[PDB]
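Notes for the one structure printed next.
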Amino acid sequence: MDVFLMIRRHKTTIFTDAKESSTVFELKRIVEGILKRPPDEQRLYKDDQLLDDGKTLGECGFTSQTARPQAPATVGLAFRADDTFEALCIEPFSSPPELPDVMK
Amino acid sequence: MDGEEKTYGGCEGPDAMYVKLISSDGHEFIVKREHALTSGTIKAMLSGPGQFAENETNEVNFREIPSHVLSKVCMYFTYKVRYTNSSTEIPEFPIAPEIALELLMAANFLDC
Amino acid sequence: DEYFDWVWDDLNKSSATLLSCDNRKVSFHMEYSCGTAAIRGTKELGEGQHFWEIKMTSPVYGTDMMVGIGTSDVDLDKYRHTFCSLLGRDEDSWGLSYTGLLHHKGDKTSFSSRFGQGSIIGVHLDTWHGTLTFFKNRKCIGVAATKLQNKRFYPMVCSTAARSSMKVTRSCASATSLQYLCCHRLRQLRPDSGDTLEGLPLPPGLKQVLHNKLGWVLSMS
Amino acid sequence: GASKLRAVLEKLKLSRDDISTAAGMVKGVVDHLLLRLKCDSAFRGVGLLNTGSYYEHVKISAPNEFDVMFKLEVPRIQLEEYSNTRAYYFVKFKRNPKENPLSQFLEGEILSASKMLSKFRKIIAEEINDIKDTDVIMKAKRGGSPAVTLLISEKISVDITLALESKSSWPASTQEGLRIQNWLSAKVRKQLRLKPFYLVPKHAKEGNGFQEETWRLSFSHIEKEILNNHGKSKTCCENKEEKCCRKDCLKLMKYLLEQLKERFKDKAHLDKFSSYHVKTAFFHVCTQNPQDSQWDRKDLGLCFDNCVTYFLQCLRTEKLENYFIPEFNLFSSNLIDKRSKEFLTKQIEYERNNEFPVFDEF
Ligand SMILES: [Zn+2]
Numbered sequence: 001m002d003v004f005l006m007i008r009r010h011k012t013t014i015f016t017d018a019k020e021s022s023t024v025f026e027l028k029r030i031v032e033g034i035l036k037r038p039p040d041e042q043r044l045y046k047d048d049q050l051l052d053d054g055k056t057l058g059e060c061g062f063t064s065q066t067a068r069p070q071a072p073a074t075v076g077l078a079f080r081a082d083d084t085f086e087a088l089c090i091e092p093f094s095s096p097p098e099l100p101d102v103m104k
Numbered sequence: 001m002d003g004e005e006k007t008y009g010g011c012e013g014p015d016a017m018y019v020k021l022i023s024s025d026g027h028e029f030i031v032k033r034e035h036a037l038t039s040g041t042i043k044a045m046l047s048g049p050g051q052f053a054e055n056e057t058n059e060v061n062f063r064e065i066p067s068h069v070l071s072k073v074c075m076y077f078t079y080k081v082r083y084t085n086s087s088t089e090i091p092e093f094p095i096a097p098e099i100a101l102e103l104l105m106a107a108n109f110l111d112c
Numbered sequence: 100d101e102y103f104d105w106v107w108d109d110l111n112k113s114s115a116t117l118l119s120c121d122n123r124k125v126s127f128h129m130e131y132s133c134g135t136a137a138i139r140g141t142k143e144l145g146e147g148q149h150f151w152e153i154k155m156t157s158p159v160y161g162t163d164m165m166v167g168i169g170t171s172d173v174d175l176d177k178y179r180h181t182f183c184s185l186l187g188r189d190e191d192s193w194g195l196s197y198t199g200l201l202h203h204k205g206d207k208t209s210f211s212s213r214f215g216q217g218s219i220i221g222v223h224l225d226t227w228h229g230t231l232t233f234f235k236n237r238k239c240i241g242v243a244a245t246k247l248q249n250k251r252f253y254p255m256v257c258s259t260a261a262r263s264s265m266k267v268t269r270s271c272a273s274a275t276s277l278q279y280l281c282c283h284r285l286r287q288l289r290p291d292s293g294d295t296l297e298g299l300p301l302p303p304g305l306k307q308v309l310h311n312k313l314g315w316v317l318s319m320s
Numbered sequence: 161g162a163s164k165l166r167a168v169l170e171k172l173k174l175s176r177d178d179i180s181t182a183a184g185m186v187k188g189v190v191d192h193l194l195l196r197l198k199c200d201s202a203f204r205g206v207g208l209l210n211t212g213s214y215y216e217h218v219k220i221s222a223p224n225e226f227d228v229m230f231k232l233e234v235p236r237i238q239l240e241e242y243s244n245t246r247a248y249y250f251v252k253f254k255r256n257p258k259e260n261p262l263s264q265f266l267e268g269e270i271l272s273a274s275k276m277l278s279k280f281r282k283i284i285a286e287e288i289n290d291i292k293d294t295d296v297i298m299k300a301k302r303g304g305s306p307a308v309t310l311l312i313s314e315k316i317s318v319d320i321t322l323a324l325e326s327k328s329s330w331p332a333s334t335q336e337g338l339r340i341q342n343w344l345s346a347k348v349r350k351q352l353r354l355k356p357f358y359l360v361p362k363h364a365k366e367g368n369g370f371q372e373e374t375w376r377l378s379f380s381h382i383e384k385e386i387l388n389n390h391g392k393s394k395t396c397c398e399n400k401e402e403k404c405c406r407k408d409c410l411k412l413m414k415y416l417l418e419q420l421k422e423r424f425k426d427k428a429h430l431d432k433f434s435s436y437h438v439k440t441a442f443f444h445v446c447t448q449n450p451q452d453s454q455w456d457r458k459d460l461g462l463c464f465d466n467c468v469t470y471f472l473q474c475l476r477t478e479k480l481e482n483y484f485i486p487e488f489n490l491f492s493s494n495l496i497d498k499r500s501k502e503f504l505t506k507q508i509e510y511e512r513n514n515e516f517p518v519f520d521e522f
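Keeping their order, the protein sequence lines are chains A, B, C and D. According to the UniProt record's numbering, the first sequence is numbered sequentially starting from 1. According to the UniProt record's numbering, the second sequence is numbered sequentially starting from 1. According to the UniProt record's numbering, the third sequence is numbered sequentially starting from 100. According to the UniProt record's numbering, the fourth sequence is numbered sequentially starting from 161.
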């Protein structure tokens, strides 16, 4: 059964609908199918913690519960900086405008 | 399902299944072919000459759309493509009201 | 007003009613009234969004006069010779009575206050989320039904007063879009004011088209 | 369409005066009967229950069929139920010193209403011939309680009924009835709860025969009293601005029920319904809605419809509880057939949905 998730790295912010029994290596395979980056070069994280390629998203804390239709859970993605962890190249989103009082 | 082959790994030419969308602030969101064809402007522009070639870069840049608006557009697109004609109960689409006050201009700017 | 989108079915009506004014006005029992009489709409509501309100013109009386929705599985002339509520009798139909009570699946739920001659009743339908909303005298009453997905419906009216009629004045339809959902959200965030355009510099043309599409939403809370 | 209701109201109103014009004849006849009874020993204490209003009228469109009810006070008695009916009672004389109104009707241990009425008829026949300025004819029986029928000349007809009276406290079977506390406050309830009650004679009948000697409680005087003092306060309808339409909605329904019976008199299937059922339903309705603000002169429409809707629902559910005996079911299948019940439901709904076609012939 498919679960609504989303994977983000630097500029990239990509939704995914892989099945729950899939593996993290399967997420790397999907990313390879999308942007030709090989699974070995890729690295996946949750929040800011290391993860194993062989583990499944079910045991990585990502399930249908995290797959809310209004907010699929975010999965950290990283591309190997030559041979090491790349820096925090994430760029914050634009500030939202302030709501006026008469809508408050 | 795993290890999709498609005999070439894709159809990135006349049947481009992934297209690339860049926002004004740099945020990047990928959409499947029917997601792109859902918006009238995207499907109209993709029909231009030369765009059916294999080597054409399936890239669209929205210099007027920020990150949040494009994210909500992709959200709505995924919702409508997945639960179109849904047999099961269709879930609501709740966005925080301090962040979704501007989405009106997205409809007429992007023709979606 | 913008042209109405459906009429009362010429081929599908009970054995006791006459229609008039390009079918905009339907008249019930001009003589004996010895049973229930009923009609359906022509257009199906299974796709997109829909909205319409009906204006009354004759004094109200009799057993029950009701406005509601139902499927095509219900028969019209089964009560040709009996006084009964046809709408809401089964799970396949719904109905709001003028007495301020609602019929569904053969049970009764009080919903609102009574109304009669000269009253205007409005119905809002959202098939995509499968929810149904009723309006009265350009005011909001409340939501009545939900979880109606994958079902197909026709609009029905049933009557039992003689010397009486009902008259559809406006009928329009629209597709699901940001001009639907985002403006509903905005009205939920702006319920206090009667008008919502205030403080919005958006072009007058899109303003007028959004009136013709969802005027009640900008004028109801 | 309150215009038709107001028009028929005025049309019924315009014939009010003709009653008092002919009332003198019946007044004289009943006066002569009263003196004749008073010279007799059997009924030395018979009086008039409505002095100043000495006639009772049951039909709203029959100015020639009068009704009169004689009261007969009884000092001290004991009553008991019959086969648990809770509406029919026997009577006994328990203990008294040497003072016997008339014990010769006592058979076994029950005062005999049969002998009562038997001597009552004989006195009337031996007396009636004494009148010489007006031709009067006495007509055959029509029921247990109206055992005497008096016809004056050709036009005026009167049926005379008799009832007992006793000052003793009301029995426990009516403890839960008359829920007026919210309507007219408990103080009036308590004071009317010690006024006397009346026992009228009414035979009991069954499949294997009829049991003649049985009585029944009556509350006509109290029933009239509340309607006469219907207002929540003493000032209701005492000025031209505050008038309330509680009274008219009952005479309207009597007329409808009489008209339906007249139009369907051939098959006689609707001859088992009287005005008692109409009055009980209206009393239940006004108990349900005691506030005076619901009976303003302007509308009349929601109140008449509430009356007819209440009667229709009672008829469908086969439930109708007496206003003083809360357990008595007049609409039970023991007395009224389901065939006639559904017949009347069909007719009443047809009239309601056709906007009362019978009133147009007037
Ligand atoms: Zn009054």
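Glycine is no exception: its CB is placed at the ideal position from the N, C-alpha and C atoms.
Query, Result
"Proximal residues of chain C, C-beta to C-beta of B:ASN108 below 8 Å", "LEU305"
"Under 8 Å (Cβ pairs) to chain B, residues found in the stretch 90-101 of chain A", "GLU91, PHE93, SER94, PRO96, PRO97, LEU99"
"Beta bridge counterpart(s) of C:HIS310 as assigned by DSSP", "Answer by DSSP bridge pairing: none, since C:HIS310 is not bridged."
"8 Å Cβ cutoff, B:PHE62 in contact with chain A", "no"
"C-alpha distance - D:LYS275 paired with D:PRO306, whole-angstrom precision", "15 Å"
"Neighbouring residues, chain B, relative to C:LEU277 (Cβ below 8 Å)", "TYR76, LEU103, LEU104, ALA106, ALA107, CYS112"
"C:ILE138 versus C:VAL106, C:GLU130, C:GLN148, C:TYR160, residue with shortest Cα-Cα distance", "C:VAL106"
"Test item, CB below 6 Å from any non-hydrogen atom of ligand 1", "D:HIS390, D:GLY391, D:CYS396, D:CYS397, D:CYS404, D:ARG406"
"Three CB pairs or more closer than 8 Å across the stretch 450-469 of chain D and the stretch 162-174 of chain D", "yes"
"Buried or exposed (CB count within 10 angstroms, at least 16 for buried), C:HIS149", "buried"
"Near-chain A residues of the UniProt domain \"SOCS box\" (264-315) of chain C - C-beta to any C-beta below 9 Å", "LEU285, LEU288, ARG289, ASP291, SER292, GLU297, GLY298"
"Residue burial classification, C:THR208 (beta-carbon count within 10 angstroms, cutoff 16)", "exposed"
"Residue range of the alpha helix (DSSP H) that includes D:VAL468", "461-477"
"Between the CA atoms of C:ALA136 and C:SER113 - distance to the nearest angstrom", "5 Å"
"8 Å Cβ cutoff, residue 113 of chain B in contact with chain A", "Since the first and last residues shown for chain B are 1 and 112, residue 113 of chain B lies out of range."
"Cross-strand partners of A:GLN49 (DSSP beta bridge)", "A:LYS46"
"Touching by the beta-carbon criterion (3+ pairs, under 8 Å), the stretch 154-167 of chain C and the stretch 249-259 of chain C", "yes"
"Helix, strand or coil at C:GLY217 [DSSP, three-state]", "coil"
"Interface partners of A:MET103 on chain C, CB under 7 Å", "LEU288, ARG289"
"Cβ-based burial, D:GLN419 [other Cβ within 10 Å; buried from 16]", "buried"
"Assigned secondary structure, D:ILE297 (DSSP; H/G/I helix, E/B strand, else coil)", "strand"
"Pairwise C-alpha distance: A:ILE30 and B:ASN61", "24 Å"
"D:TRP375 and D:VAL251 closer than 8 Å at C-beta", "yes"
"N- and C-terminal bounds of the beta strand (DSSP E) containing D:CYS446", "Counting along the chain, D:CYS446 falls outside any beta strand (DSSP E), though it belongs to the alpha helix (DSSP H) covering 435-448."
"Sequence ranges, beta strand (DSSP E) only - wholly within the stretch 40-67 of chain B, length at least 3", "59-61"
"Beta carbon of D:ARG339 nearer than 8 Å to that of D:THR447", "yes"
"Between the CA atoms of D:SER333 and D:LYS347 - distance to the nearest angstrom", "21 Å"
"The stretch 408-415 of chain D in contact with the stretch 357-375 of chain D per 3-pair CB rule at 8 Å", "no"
"Interface partners of C:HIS180 on chain B, CB under 9 Å", "In chain order: nothing, as chain B lies at least about 40 Å away."
"A:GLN49 versus A:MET103, A:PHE4, A:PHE85, A:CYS89, residue with shortest Cα-Cα distance", "A:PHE85"
"Minimum Cβ-Cβ distance from B:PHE29 to chain C less than 8 Å", "no"
"Span of the beta strand (DSSP E) around B:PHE109", "Premise fails: B:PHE109 lies in the alpha helix (DSSP H), 104-110, not in any beta strand (DSSP E)."
"For C:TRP107, three-class secondary structure by DSSP", "strand"
"Distance between beta carbons of C:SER320 and C:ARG284, contact taken as under 8 Å", "13 Å between Cβ atoms; not a contact."
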